[PDB]
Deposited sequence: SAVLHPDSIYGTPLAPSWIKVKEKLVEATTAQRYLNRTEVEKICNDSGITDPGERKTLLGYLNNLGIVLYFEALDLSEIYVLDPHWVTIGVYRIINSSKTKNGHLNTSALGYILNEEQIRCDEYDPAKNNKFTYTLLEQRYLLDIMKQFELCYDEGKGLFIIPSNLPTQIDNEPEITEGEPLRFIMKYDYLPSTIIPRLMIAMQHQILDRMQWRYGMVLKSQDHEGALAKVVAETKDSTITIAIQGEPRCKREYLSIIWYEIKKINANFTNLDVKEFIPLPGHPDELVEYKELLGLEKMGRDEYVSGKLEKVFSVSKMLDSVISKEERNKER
């Protein structure tokens, strides 16, 4: 691929000379080297984006910042997530200039906006409201006001990962920003309150050592079921982005908080017309329907 090889060199050189390039500079660079048909242009650039060589965001697509130097965005992003001002997981964007230029690369006002946009795109942060961004992976491991949410025989539902990406909790906070109660959010979890199921209050917690995300829910019985339904829907969407996750869902056996049963086991047992779940390990028998009903109505 004689044309592709050249453009690579030319674009890498041009990206490290300037900080980034615009459509015109780029189009000319590949038309100089031969490549004209816009499909080819697009397939080459996306390709180099993947190979980490040169950065290209089809989601933003700004002419003046079309193709970026990777080193420039990494130092920028690094400086943001490593600032002393973001250590507790909060970012007052007023401080972006101080963070990026104070604490030899320069970042103008627009170049700051652009970095934030890349960060949003990679789901590393979100806007909470009053010019205050939250960076979930910088949130403290504990909070002083963390509620128990253990009080009223709550509904527990356990998600077991073969391997658990450290970005599931961040991504879930982004998904449900408007339902996080009183900044009740930490590195490993949230407190979520719903409006539409007047009542329903949920706590979602990740356990690194066990590769589990655990959902616990309080409120009226119909509410608890409906809110788990939505939280789990949100987590299913997040999980879908990872190629090789193996996630099994679990319910605690009644009276045995440490003994779990696979949720798809019980559906299976039902589909085949069994009402008994038999536990050899416990030498106890459990009702299939009663346990299914605690989580989901008759479908």
Inset, instruction - Report the unmodelled segments of the deposited sequence as residue ranges counted from 1. - result: 1-14, 118-130, 327-332
